[PDB]
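**Student:**
Number of protein chains: 2
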Amino acid sequence: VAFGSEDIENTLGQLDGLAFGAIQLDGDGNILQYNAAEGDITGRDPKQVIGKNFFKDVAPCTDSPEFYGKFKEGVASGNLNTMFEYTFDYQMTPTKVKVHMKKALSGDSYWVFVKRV
Amino acid sequence: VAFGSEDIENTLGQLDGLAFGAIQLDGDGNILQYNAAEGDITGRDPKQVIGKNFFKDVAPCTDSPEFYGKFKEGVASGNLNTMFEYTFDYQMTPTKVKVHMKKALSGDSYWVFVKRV
Ligand SMILES: [Cl-]
Ligand SMILES: [Cl-]
Ligand SMILES: [Cl-]
Ligand SMILES: [Cl-]
Ligand SMILES: [Cl-]
Ligand SMILES: [Cl-]
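Protein sequences appear in the order of chains B and A. Heads up: the first sequence is residues 4 to 15, 21 to 125, going by PDB author numbering. Heads up: the second sequence is residues 4 to 15, 21 to 125, going by PDB author numbering.
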């Protein structure tokens with residue numbers, strides 16, 4: 004599975025097999041899944057972040073119109089398929105990434121994919 | 004495949025599917041393979057490091073009796089299966105890892121497996 008691929012939500021244990029970070033959020037922004045690659049990139053513990061809020065608890069630098077604001081618009085409208093660059097920084101070393109956020113096929117969850125730039 | 008597993012060299021595209029860093033070295037310490045997870049952990053570019061020396065070029069903090077010295081003894085003797093903690097630092101943010109070094113099944117290459125502590 005390639006980062007950014009048009010069919011990524013269709014294709015999506022095995023989550024840890026992805027070569028890039030993958031976080032599954034619900035519409036409230038709480039973490040349902042968080043793979044090994046995302047812990048590799050950020051130093052956050054995949055076990056500790058499940059059930060926490062991505063935008064308000066785990067990665068508060070993302071609580072901005074440029075990231076959380078896009079997520080909330082996407083959840084409200086059902087239209088979410090966006091790539092952009094961002095810097096993660098909270099309680100970690102500042103790390104520049106490329107982010108792809110996309111609504112899941114079910115419409116009940118939302119994916120955040122991450123790779124280092 | 005679990006980090007540290009007794010049969011890891013037997014089990015070892022697919023390399024990027026591993027949930028932890030994996031580097032294949034030859035007996036001279038030059039890099040033959042370097043997976044996505046190791047780039048995720050360190051910020052080093054998996055494309056750029058192939059054919060470079062791990063101990064002298066890519067990760068010179070490892071040029072120590074505690075890491076390179078164990079590698080050289082392992083290559084010389086054929087006996088290499090060791091776990092230890094280490095900090096990577098060269099041209100990156102200091103990152104504490106657990107390392108497992110093990111001779112490959114063929115005896116012509118040597119694996120370095122890495123996870124964040
Ligand atoms: Cl809010
Ligand atoms: Cl952050
Ligand atoms: Cl994260
Ligand atoms: Cl280093
Ligand atoms: Cl490395
Ligand atoms: Cl030397």
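Just so it is clear, CB atoms sit at the ideal spot from N, CA and C, and this is done for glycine as well.
Could you tell me how far apart the beta carbons of residue 79/B and residue 37/B are, in whole angstroms, since I believe they sit closer than 8 Å?
**Tutor:** Taking the first sequence and counting its residues from 1, the one referred to as residue 79/B is at position 71. Taking the first sequence and counting its residues from 1, the one referred to as residue 37/B is at position 29. With a Cβ gap of about 7 Å, residue 79/B and residue 37/B count as contacting.
**Student:** Spell out a yes or no on whether the region 40-52 of chain B and the region 90-106 of chain B are touching, meaning 3 or more CB-CB pairs, one atom from each, closer than 8 Å.
**Tutor:** Yes, they touch.
**Student:** How is residue 83/A classed by DSSP in three states: helix, strand or coil?
**Tutor:** By 1-based counting over the second sequence, the position of residue 83/A is 75. DSSP places residue 83/A in helix when its eight states are reduced to three.
**Student:** When you compare the region 55-65 of chain B with the region 39-46 of chain B, are there three or more beta-carbon pairs, one atom per stretch, that lie closer than 8 Å?
**Tutor:** Yes, the region 55-65 of chain B touches the region 39-46 of chain B.
**Student:** Report the start-end ranges of each beta strand (DSSP E) in the region 22-100 of chain A that is 3 residues or longer and not cut off at the edges.
**Tutor:** Counting whole runs of 3 or more residues, the region 22-100 of chain A contains the beta strand (DSSP E) stretches 29-33, 39-42 and 89-96.
**Student:** Do residue 93/A and residue 111/A have their C-beta atoms within less than 8 Å of each other?
**Tutor:** Residue mapping note: residue 93/A aligns to position 85 of the second sequence, counting from 1. Residue mapping note: residue 111/A aligns to position 103 of the second sequence, counting from 1. For residue 93/A and residue 111/A, no; Cβs fall outside 8 Å.
**Student:** So is residue 21/A buried or exposed if we call it buried at 16+ other beta carbons inside 10 Å?
**Tutor:** Position 13 of the second sequence, counted from the start, is the residue given in the question as residue 21/A. Counting Cβ neighbours within 10 Å, residue 21/A comes out exposed, since fewer than 16 surround it.
**Student:** Compile a chain-ordered list of the residues in the region 45-75 of chain A whose CB is closer than 8 Å to at least one CB of chain B.
**Tutor:** Correct list: 45, 47, 48, 49 and 51.
**Student:** Could you check whether the Cβ of residue 44/A sits closer than 7 Å to any heavy atom belonging to ligand 5?
**Tutor:** Numbered from its first residue, the second sequence carries residue 44/A at position 36. Checking every heavy atom of ligand 5 against the Cβ of residue 44/A, none is found closer than 7 Å.
**Student:** Regarding residue 69/A and ligand 2, is the C-beta to nearest heavy atom distance less than 7 Å?
**Tutor:** Residue numbering aside, residue 69/A sits at position 61 when the second sequence is read from its first letter. Because no heavy atom of ligand 2 lies under 7 Å away, the Cβ of residue 69/A does not count as near it: no.
**Student:** Mark residue 126/A as exposed unless 16 or more other C-beta atoms lie within 10 angstroms of its C-beta, in which case mark it buried.
**Tutor:** Residue 126/A lies beyond the stretch modelled for chain A, which goes from 4 to 125, so this question has no answer here.
**Student:** Would you please state the rounded distance, in angstroms, between the beta carbons of residue 108/B and residue 7/B? I believe it to be under 8 Å.
**Tutor:** Looking up residue 108/B in the first sequence gives position 100. Looking up residue 7/B in the first sequence gives position 4. The Cβ separation is near 6 Å, so the contact holds.
**Student:** Counting only Cβ pairs nearer than 7 Å, list the residues of chain B close to residue 25/A.
**Tutor:** Here residue 25/A refers to the residue found at position 17 when the second sequence is read from its first residue. Residues of chain B passing the Cβ test: 25.
**Student:** Would you say residue 14/A faces chain B, with C-beta separation under 8 Å as the test?
**Tutor:** As a working mapping, residue 14/A is identified with position 11 in the second sequence. No, because no Cβ of chain B sits closer than 8 Å to the Cβ of residue 14/A.
**Student:** On the DSSP letters alone, give me the boundaries of the beta strand (DSSP E) that residue 4/A sits inside.
**Tutor:** Walking along the second sequence from the start, residue 4/A turns up at place 1. Note, residue 4/A: premise wrong, no beta strand (DSSP E); not H, not E.
**Student:** Which residues mark the beginning and the end of the alpha helix (DSSP H) in which residue 12/A is found?
**Tutor:** Start at 1 with the first residue of the second sequence, and residue 12/A comes out as number 9. 11-14 is the extent of the alpha helix (DSSP H) around residue 12/A.
**Student:** Put residue 125/A into one of helix, strand or coil per three-state DSSP.
**Tutor:** Your numbering for residue 125/A matches position 117 in the second sequence. Of the three classes helix, strand and coil, the one that applies to residue 125/A here is coil, per DSSP.
**Student:** Just to confirm my understanding: we take residue 12/B, look at its own chain, exclude 5 residues before and 5 after, and list those with CB closer than 8 Å. What are they?
**Tutor:** Stepping through the first sequence from its first residue, residue 12/B is reached at position 9. Within the same chain, residue 12/B has close Cβ partners 110, 111, 112, 113 and 119.
**Student:** So what does residue 117/B bridge to, in DSSP terms?
**Tutor:** Locating residue 117/B in the first sequence gives position 109, where the first residue counts as 1. According to DSSP, residue 117/B bridges with 34/B.
**Student:** In chain A, what lies closer than 8 Å to residue 101/B by C-beta?
**Tutor:** If you number the first sequence from 1, residue 101/B lands on position 93. The contacting residues are 101.
**Student:** Taking 7 Å as the cut-off, is the C-beta of residue 121/B nearer than that to any heavy atom in ligand 2?
**Tutor:** Within the first sequence, residue 121/B is the residue found at index 113, counting from 1. No, since every heavy atom of ligand 2 falls outside the 7 Å radius drawn around the Cβ of residue 121/B.
**Student:** Would you check whether ligand 4 has a heavy atom nearer than 7 Å to the C-beta of residue 98/A?
**Tutor:** On the second sequence, residue 98/A is found 90 positions in, with the first residue counted as 1. It does: the Cβ of residue 98/A is within 7 Å (strictly closer) of some heavy atom of ligand 4.
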